[PDB]
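Asks: Experimental structure and sequence below, a few questions after.
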There are 2 protein chains.
Amino acid sequence: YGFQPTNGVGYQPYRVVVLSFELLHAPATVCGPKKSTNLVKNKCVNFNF
Amino acid sequence: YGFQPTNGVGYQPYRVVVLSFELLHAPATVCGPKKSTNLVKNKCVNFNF
């Protein structure tokens, strides 16, 4: 490459990073920042296990 | 000013310094690092006093 500070746009260097995921192929080990709670039972509720 | 990294030439910042001298007005005190040497006598030489 010929990167120079005088080069116009379309020739200045660019840093690129790509992130690749999977969707439910195994017990997931990379979760979000959500915090767990207690565990209720014998009631009609919604869960996020 | 609107200095942005994507700006083309003719808009990027430039740093400028100008130097001004005087000529033959007083005993000079600022000049290059010439190596002062020994002095000889009774010989046809060129001097830089």
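Replies: Ah, there it is. Numbers count the residues shown, from 1 in each chain, chains lettered A, B, ... in the order given.
Asks: Quick check: residues of chain A near chain B?
Replies: Within chain A, the positions adjacent to chain B are A:5, A:6, A:8, A:9, A:12 by C-beta under 8 Å from any C-beta of the partner chain. Backbone N, C-alpha and C define where each C-beta goes, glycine included.
Asks: So which of those is surrounded by the most neighbours?
Replies: Within the residues of chain A next to chain B, residue A:12 tops the neighbour count with 13 neighbours, counted by other C-beta atoms under 10 Å in any protein chain shown.
Asks: now the residues of chain A next to chain B in TSV, with secondary structure?
Replies: As requested, the residues of chain A next to chain B are exported to TSV (DSSP: H, G, I helix; E, B strand; the rest coil):
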residue	secondary structure
A:5	coil
A:6	coil
A:8	coil
A:9	coil
A:12	coil
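Asks: Closest one of the residues you listed to residue B:29?
Replies: Of all these, residue B:29 sits closest to residue A:5, with 38.7 Å by C-beta to C-beta.
Asks: State the distance from the closest one to residue B:8.
Replies: 11 Å (C-beta to C-beta, to the nearest Å).
Asks: and what of residue A:24?
Replies: Taken as C-beta to C-beta, the span from residue A:24 to residue B:8 is 48 Å.
Asks: now swap in residue A:13 and tell me
Replies: Counting by C-beta to C-beta, the gap from residue A:13 to residue B:8 is 16 Å.
Asks: do the same with residue A:38
Replies: For residue A:38, the distance to residue B:8 - C-beta to C-beta - is 60 Å.
Asks: And for residue A:21?
Replies: 38 Å.
Asks: Could you do residue A:2 as well?
Replies: Distance, residue A:2 to residue B:8, by C-beta to C-beta: 17 Å.
Asks: swap in residue A:26?
Replies: Going from residue A:26 to residue B:8 by C-beta to C-beta gives 50 Å.
Asks: same check, this time on residue A:6
Replies: Relative to residue B:8, and taking C-beta to C-beta, residue A:6 is found at 9 Å.
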